[PDB]
$ cat protein_21.txt   # compact mmCIF, N, CA and C atoms
# COMPACT_ATOMS: atom_id res chain seq x y z
N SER T 1 -17.40 -12.60 -8.68
CA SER T 1 -16.16 -13.21 -8.11
C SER T 1 -15.63 -12.37 -6.94
N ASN T 2 -14.60 -12.90 -6.27
CA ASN T 2 -13.94 -12.20 -5.16
C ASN T 2 -13.18 -10.96 -5.63
N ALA T 3 -12.60 -11.06 -6.83
CA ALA T 3 -11.90 -9.95 -7.47
C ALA T 3 -12.89 -8.84 -7.88
N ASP T 4 -14.06 -9.24 -8.38
CA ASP T 4 -15.13 -8.29 -8.71
C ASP T 4 -15.62 -7.55 -7.46
N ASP T 5 -15.87 -8.30 -6.38
CA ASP T 5 -16.33 -7.73 -5.10
C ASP T 5 -15.26 -6.78 -4.52
N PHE T 6 -14.00 -7.21 -4.55
CA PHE T 6 -12.87 -6.38 -4.10
C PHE T 6 -12.84 -5.02 -4.83
N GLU T 7 -12.88 -5.07 -6.16
CA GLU T 7 -12.89 -3.86 -6.99
C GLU T 7 -14.10 -2.96 -6.71
N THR T 8 -15.27 -3.59 -6.51
CA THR T 8 -16.50 -2.87 -6.14
C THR T 8 -16.30 -2.10 -4.83
N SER T 9 -15.62 -2.73 -3.86
CA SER T 9 -15.34 -2.08 -2.58
C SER T 9 -14.35 -0.89 -2.69
N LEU T 10 -13.38 -0.97 -3.59
CA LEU T 10 -12.51 0.19 -3.84
C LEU T 10 -13.27 1.34 -4.49
N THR T 11 -14.09 1.00 -5.49
CA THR T 11 -14.87 1.98 -6.24
C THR T 11 -15.85 2.72 -5.31
N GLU T 12 -16.31 2.01 -4.28
CA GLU T 12 -17.15 2.61 -3.25
C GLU T 12 -16.45 3.71 -2.45
N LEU T 13 -15.13 3.65 -2.32
CA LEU T 13 -14.35 4.70 -1.64
C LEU T 13 -14.08 5.93 -2.51
N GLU T 14 -14.48 5.87 -3.77
CA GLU T 14 -14.26 6.98 -4.69
C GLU T 14 -15.45 7.94 -4.62
N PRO T 15 -15.26 9.23 -5.00
CA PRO T 15 -14.01 9.83 -5.46
C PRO T 15 -12.98 9.99 -4.32
N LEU T 16 -11.71 9.75 -4.63
CA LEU T 16 -10.63 10.05 -3.69
C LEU T 16 -10.30 11.53 -3.87
N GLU T 17 -9.85 12.16 -2.80
CA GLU T 17 -9.29 13.52 -2.86
C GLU T 17 -7.97 13.52 -3.59
N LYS T 18 -7.61 14.67 -4.15
CA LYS T 18 -6.30 14.87 -4.73
C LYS T 18 -5.28 14.53 -3.65
N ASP T 19 -4.23 13.80 -4.03
CA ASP T 19 -3.14 13.42 -3.12
C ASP T 19 -3.50 12.28 -2.17
N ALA T 20 -4.66 11.65 -2.41
CA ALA T 20 -5.05 10.39 -1.75
C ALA T 20 -4.82 9.23 -2.73
N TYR T 21 -4.45 8.06 -2.21
CA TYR T 21 -4.19 6.86 -3.04
C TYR T 21 -4.72 5.60 -2.40
N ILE T 22 -5.05 4.62 -3.23
CA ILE T 22 -5.14 3.24 -2.78
C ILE T 22 -4.07 2.45 -3.53
N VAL T 23 -3.16 1.83 -2.77
CA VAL T 23 -2.05 1.10 -3.36
C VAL T 23 -2.05 -0.34 -2.88
N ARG T 24 -1.48 -1.24 -3.68
CA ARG T 24 -1.24 -2.59 -3.24
C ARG T 24 0.27 -2.80 -3.12
N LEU T 25 0.72 -3.30 -1.96
CA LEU T 25 2.13 -3.64 -1.75
C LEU T 25 2.27 -5.15 -1.90
N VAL T 26 3.25 -5.57 -2.71
CA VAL T 26 3.43 -6.98 -3.07
C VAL T 26 4.73 -7.48 -2.45
N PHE T 27 4.60 -8.52 -1.63
CA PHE T 27 5.72 -9.09 -0.87
C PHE T 27 6.06 -10.44 -1.46
N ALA T 28 7.35 -10.70 -1.69
CA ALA T 28 7.79 -11.98 -2.24
C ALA T 28 9.05 -12.45 -1.53
N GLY T 29 8.97 -12.67 -0.22
CA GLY T 29 10.10 -13.19 0.55
C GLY T 29 10.76 -12.15 1.42
N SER T 30 10.00 -11.13 1.80
CA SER T 30 10.53 -10.01 2.58
C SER T 30 10.54 -10.32 4.08
N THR T 31 11.04 -9.39 4.89
CA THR T 31 10.81 -9.45 6.34
C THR T 31 9.36 -9.01 6.63
N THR T 32 8.91 -9.12 7.88
CA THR T 32 7.49 -8.91 8.21
C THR T 32 6.92 -7.52 7.83
N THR T 33 5.65 -7.49 7.46
CA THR T 33 4.98 -6.27 7.01
C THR T 33 4.87 -5.15 8.07
N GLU T 34 4.65 -5.51 9.34
CA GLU T 34 4.41 -4.49 10.39
C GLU T 34 5.55 -3.47 10.53
N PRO T 35 6.80 -3.94 10.74
CA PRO T 35 7.86 -2.95 10.84
C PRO T 35 7.90 -2.05 9.59
N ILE T 36 7.41 -2.56 8.45
CA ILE T 36 7.40 -1.79 7.18
C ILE T 36 6.29 -0.70 7.13
N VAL T 37 5.08 -1.02 7.56
CA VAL T 37 3.97 -0.06 7.54
C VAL T 37 4.13 1.06 8.60
N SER T 38 4.65 0.70 9.77
CA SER T 38 4.85 1.69 10.83
C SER T 38 6.05 2.55 10.47
N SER T 39 7.07 1.92 9.88
CA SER T 39 8.26 2.60 9.39
C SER T 39 7.94 3.66 8.33
N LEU T 40 7.09 3.29 7.38
CA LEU T 40 6.67 4.18 6.30
C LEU T 40 5.83 5.33 6.85
N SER T 41 4.88 5.03 7.73
CA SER T 41 4.06 6.04 8.36
C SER T 41 4.93 7.08 9.10
N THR T 42 5.89 6.61 9.90
CA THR T 42 6.84 7.48 10.61
C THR T 42 7.67 8.30 9.65
N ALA T 43 8.20 7.67 8.60
CA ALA T 43 9.11 8.36 7.69
C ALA T 43 8.46 9.54 6.95
N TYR T 44 7.19 9.39 6.56
CA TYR T 44 6.49 10.41 5.78
C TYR T 44 5.40 11.16 6.54
N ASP T 45 5.25 10.85 7.82
CA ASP T 45 4.27 11.51 8.69
C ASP T 45 2.87 11.37 8.09
N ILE T 46 2.55 10.15 7.70
CA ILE T 46 1.28 9.88 7.03
C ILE T 46 0.41 8.87 7.80
N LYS T 47 -0.89 9.04 7.62
CA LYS T 47 -1.88 8.08 8.07
C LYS T 47 -1.92 6.97 7.03
N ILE T 48 -1.92 5.71 7.47
CA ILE T 48 -2.09 4.59 6.54
C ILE T 48 -3.22 3.73 7.05
N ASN T 49 -4.26 3.54 6.24
CA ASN T 49 -5.37 2.67 6.62
C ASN T 49 -5.21 1.35 5.88
N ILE T 50 -5.12 0.25 6.63
CA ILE T 50 -5.05 -1.06 6.00
C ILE T 50 -6.46 -1.50 5.58
N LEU T 51 -6.67 -1.63 4.28
CA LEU T 51 -7.97 -2.05 3.74
C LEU T 51 -8.05 -3.56 3.69
N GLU T 52 -6.94 -4.19 3.30
CA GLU T 52 -6.86 -5.63 3.18
C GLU T 52 -5.45 -6.16 3.42
N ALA T 53 -5.35 -7.32 4.07
CA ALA T 53 -4.08 -8.01 4.24
C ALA T 53 -4.30 -9.46 3.82
N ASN T 54 -3.44 -9.95 2.93
CA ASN T 54 -3.45 -11.34 2.52
C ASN T 54 -1.99 -11.80 2.46
N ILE T 55 -1.54 -12.36 3.57
CA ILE T 55 -0.12 -12.49 3.86
C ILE T 55 0.12 -13.86 4.49
N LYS T 56 1.21 -14.52 4.07
CA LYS T 56 1.74 -15.70 4.74
C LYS T 56 3.18 -15.43 5.20
N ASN T 57 3.45 -15.75 6.46
CA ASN T 57 4.81 -15.69 6.99
C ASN T 57 5.40 -17.09 6.94
N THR T 58 6.28 -17.30 5.96
CA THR T 58 6.77 -18.63 5.60
C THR T 58 8.20 -18.82 6.10
N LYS T 59 8.78 -19.98 5.83
CA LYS T 59 10.19 -20.23 6.14
C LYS T 59 11.06 -19.26 5.34
N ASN T 60 10.68 -19.05 4.08
CA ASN T 60 11.39 -18.13 3.18
C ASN T 60 10.92 -16.67 3.22
N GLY T 61 10.36 -16.24 4.35
CA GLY T 61 9.92 -14.86 4.52
C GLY T 61 8.44 -14.62 4.22
N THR T 62 8.09 -13.35 4.10
CA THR T 62 6.71 -12.92 3.95
C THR T 62 6.29 -12.83 2.48
N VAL T 63 5.18 -13.49 2.17
CA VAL T 63 4.63 -13.56 0.82
C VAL T 63 3.16 -13.11 0.85
N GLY T 64 2.80 -12.24 -0.09
CA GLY T 64 1.40 -11.86 -0.34
C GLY T 64 1.29 -10.36 -0.52
N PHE T 65 0.20 -9.78 -0.02
CA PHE T 65 -0.01 -8.35 -0.25
C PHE T 65 -0.78 -7.63 0.83
N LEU T 66 -0.60 -6.30 0.85
CA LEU T 66 -1.40 -5.39 1.65
C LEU T 66 -2.05 -4.40 0.70
N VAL T 67 -3.32 -4.08 0.93
CA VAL T 67 -3.97 -2.98 0.21
C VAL T 67 -4.13 -1.83 1.22
N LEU T 68 -3.53 -0.69 0.88
CA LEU T 68 -3.45 0.44 1.79
C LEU T 68 -4.16 1.66 1.20
N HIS T 69 -4.94 2.32 2.04
CA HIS T 69 -5.50 3.62 1.72
C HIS T 69 -4.66 4.69 2.40
N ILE T 70 -4.15 5.64 1.62
CA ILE T 70 -3.37 6.74 2.18
C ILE T 70 -4.16 8.02 1.91
N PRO T 71 -4.81 8.61 2.95
CA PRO T 71 -5.66 9.78 2.70
C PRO T 71 -4.93 11.04 2.22
N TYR T 72 -3.64 11.15 2.52
CA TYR T 72 -2.85 12.27 2.03
C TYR T 72 -1.37 11.89 2.03
N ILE T 73 -0.70 12.18 0.92
CA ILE T 73 0.76 12.18 0.88
C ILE T 73 1.18 13.11 -0.26
N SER T 74 2.19 13.95 -0.06
CA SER T 74 2.61 14.85 -1.14
C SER T 74 3.21 14.06 -2.31
N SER T 75 3.20 14.69 -3.48
CA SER T 75 3.71 14.07 -4.69
C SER T 75 5.18 13.68 -4.55
N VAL T 76 5.97 14.54 -3.92
CA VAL T 76 7.39 14.30 -3.67
C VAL T 76 7.59 13.15 -2.68
N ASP T 77 6.81 13.14 -1.60
CA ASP T 77 6.90 12.04 -0.63
C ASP T 77 6.40 10.71 -1.17
N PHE T 78 5.40 10.75 -2.03
CA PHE T 78 4.93 9.50 -2.68
C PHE T 78 6.03 8.86 -3.54
N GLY T 79 6.80 9.68 -4.25
CA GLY T 79 7.97 9.20 -5.01
C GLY T 79 9.01 8.57 -4.08
N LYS T 80 9.30 9.22 -2.96
CA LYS T 80 10.24 8.66 -1.98
C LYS T 80 9.73 7.37 -1.35
N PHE T 81 8.43 7.36 -1.02
CA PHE T 81 7.73 6.19 -0.48
C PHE T 81 7.93 4.96 -1.42
N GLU T 82 7.67 5.14 -2.71
CA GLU T 82 7.82 4.04 -3.66
C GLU T 82 9.28 3.58 -3.78
N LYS T 83 10.20 4.54 -3.85
CA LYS T 83 11.63 4.23 -3.94
C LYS T 83 12.12 3.41 -2.73
N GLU T 84 11.67 3.77 -1.53
CA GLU T 84 12.03 3.02 -0.32
C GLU T 84 11.50 1.58 -0.39
N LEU T 85 10.29 1.42 -0.91
CA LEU T 85 9.73 0.09 -1.11
C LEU T 85 10.53 -0.73 -2.13
N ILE T 86 10.89 -0.10 -3.24
CA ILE T 86 11.75 -0.72 -4.26
C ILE T 86 13.06 -1.24 -3.62
N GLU T 87 13.68 -0.44 -2.76
CA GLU T 87 14.91 -0.84 -2.07
C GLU T 87 14.71 -2.04 -1.13
N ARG T 88 13.50 -2.19 -0.60
CA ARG T 88 13.14 -3.34 0.24
C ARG T 88 12.61 -4.49 -0.61
N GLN T 89 12.71 -4.36 -1.92
CA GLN T 89 12.11 -5.31 -2.86
C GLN T 89 10.61 -5.58 -2.63
N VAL T 90 9.86 -4.52 -2.34
CA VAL T 90 8.41 -4.58 -2.29
C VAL T 90 7.90 -3.80 -3.52
N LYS T 91 7.03 -4.41 -4.30
CA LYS T 91 6.46 -3.76 -5.46
C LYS T 91 5.24 -2.97 -5.04
N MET T 92 5.02 -1.83 -5.67
CA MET T 92 3.86 -1.02 -5.31
C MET T 92 2.98 -0.82 -6.54
N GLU T 93 1.70 -1.15 -6.41
CA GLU T 93 0.76 -0.97 -7.51
C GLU T 93 -0.18 0.16 -7.12
N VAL T 94 -0.48 1.05 -8.06
CA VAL T 94 -1.44 2.11 -7.77
C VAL T 94 -2.83 1.67 -8.24
N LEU T 95 -3.73 1.43 -7.30
CA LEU T 95 -5.07 0.93 -7.67
C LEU T 95 -6.08 2.02 -7.95
N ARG T 96 -6.04 3.08 -7.14
CA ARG T 96 -6.89 4.27 -7.29
C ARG T 96 -6.11 5.49 -6.83
N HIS T 97 -6.44 6.63 -7.43
CA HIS T 97 -5.85 7.91 -7.03
C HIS T 97 -6.91 9.01 -7.20
N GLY T 98 -6.65 10.19 -6.64
CA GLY T 98 -7.56 11.34 -6.75
C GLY T 98 -7.09 12.29 -7.83

$ encode --input "protein_21.txt" --output "structure tokens"
Amino acid sequence: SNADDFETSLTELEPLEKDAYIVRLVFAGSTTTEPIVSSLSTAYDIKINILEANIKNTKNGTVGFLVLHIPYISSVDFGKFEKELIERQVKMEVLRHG
């Protein structure tokens, strides 16, 4: 399946280094993803690699998800990163970590 192939592609990026993550960001009626990804990168001085985007920009805002590879972020900054997403009503799922 597509979900099986997707998971196979994440597993191919393993092992991740300590302090590296693959996360999924879940959007359910938010403003656009771009100002959010560049904003997050600026705020934490981090590289963000977009692995996958499956997004619709609708009348009622942005719906869908981004899968992001973050090659390094400190444990303290990762907590702040998630909290900022929570405040924007974006859910964050941890798919892989090092």

$ closest_residue --input "protein_21.txt" --among "T:6, T:72, T:27, T:21" --to "residue 94 (chain T)" --atoms "only N, CA and C atoms"
T:21

$ residues_near_point --input "protein_21.txt" --point "(-7.1, 0.0, 4.4)" --cutoff "5 Å" --atoms "only N, CA and C atoms" --output "list in words"
residues 49, 50, 51, 52, 67, 68 and 69 of chain T

$ write_last_selection --input "protein_21.txt" --atoms "N, CA and C atoms" --output "JSON list (two decimals), keeping the file's coordinate frame"
[["chain", "number", "residue", "atom", "x", "y", "z"],
["T", 49, "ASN", "N", -4.26, 3.54, 6.24],
["T", 49, "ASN", "CA", -5.37, 2.67, 6.62],
["T", 49, "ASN", "C", -5.21, 1.35, 5.88],
["T", 50, "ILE", "N", -5.12, 0.25, 6.63],
["T", 50, "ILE", "CA", -5.05, -1.06, 6.00],
["T", 50, "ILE", "C", -6.46, -1.50, 5.58],
["T", 51, "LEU", "N", -6.67, -1.63, 4.28],
["T", 51, "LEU", "CA", -7.97, -2.05, 3.74],
["T", 51, "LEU", "C", -8.05, -3.56, 3.69],
["T", 52, "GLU", "N", -6.94, -4.19, 3.30],
["T", 52, "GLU", "CA", -6.86, -5.63, 3.18],
["T", 52, "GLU", "C", -5.45, -6.16, 3.42],
["T", 67, "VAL", "N", -3.32, -4.08, 0.93],
["T", 67, "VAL", "CA", -3.97, -2.98, 0.21],
["T", 67, "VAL", "C", -4.13, -1.83, 1.22],
["T", 68, "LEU", "N", -3.53, -0.69, 0.88],
["T", 68, "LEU", "CA", -3.45, 0.44, 1.79],
["T", 68, "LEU", "C", -4.16, 1.66, 1.20],
["T", 69, "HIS", "N", -4.94, 2.32, 2.04],
["T", 69, "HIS", "CA", -5.50, 3.62, 1.72],
["T", 69, "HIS", "C", -4.66, 4.69, 2.40]]

$ select_by_dssp --input "protein_21.txt" --residues "region 24-86 of chain T" --states "helix (DSSP H, G or I)" --output "PyMOL selection string"
chain T and resi 33-44+75-86

$ select_by_dssp --input "protein_21.txt" --residues "region 5-35 of chain T" --states "strand (DSSP E or B)" --output "list in words"
residues 21, 22, 23, 24, 25, 26, 27, 28, 29 and 30 of chain T

$ atom_distance --input "protein_21.txt" --atom1 "CA of residue 98 (chain T)" --atom2 "CA of residue 14 (chain T)"
8.3 Å

$ closest_residue --input "protein_21.txt" --among "T:75, T:46, T:53, T:58" --to "residue 97 (chain T)" --atoms "only C-alpha atoms"
T:75

$ closest_residue --input "protein_21.txt" --among "T:25, T:63, T:73, T:31" --to "residue 45 (chain T)" --atoms "all atoms listed in the file"
T:73

$ closest_residue --input "protein_21.txt" --among "T:12, T:87, T:82, T:34" --to "residue 66 (chain T)" --atoms "only C-alpha atoms"
T:34

$ atom_distance --input "protein_21.txt" --atom1 "CA of residue 83 (chain T)" --atom2 "CA of residue 57 (chain T)"
23.7 Å

$ closest_residue --input "protein_21.txt" --among "T:18, T:40, T:11, T:5" --to "residue 88 (chain T)" --atoms "only C-alpha atoms"
T:40

$ atom_distance --input "protein_21.txt" --atom1 "atom N of residue 79 (chain T)" --atom2 "CA of residue 44 (chain T)"
10.1 Å

$ closest_residue --input "protein_21.txt" --among "T:95, T:55, T:70, T:76" --to "residue 17 (chain T)" --atoms "only C-alpha atoms"
T:70

$ axis_aligned_box --input "protein_21.txt" --around "region 94-97 of chain T" --padding-each-side "8 Å" --output "lines of an AutoDock Vina configuration file"
center_x = -3.7
center_y = 5.0
center_z = -7.5
size_x = 22.4
size_y = 24.1
size_z = 17.4
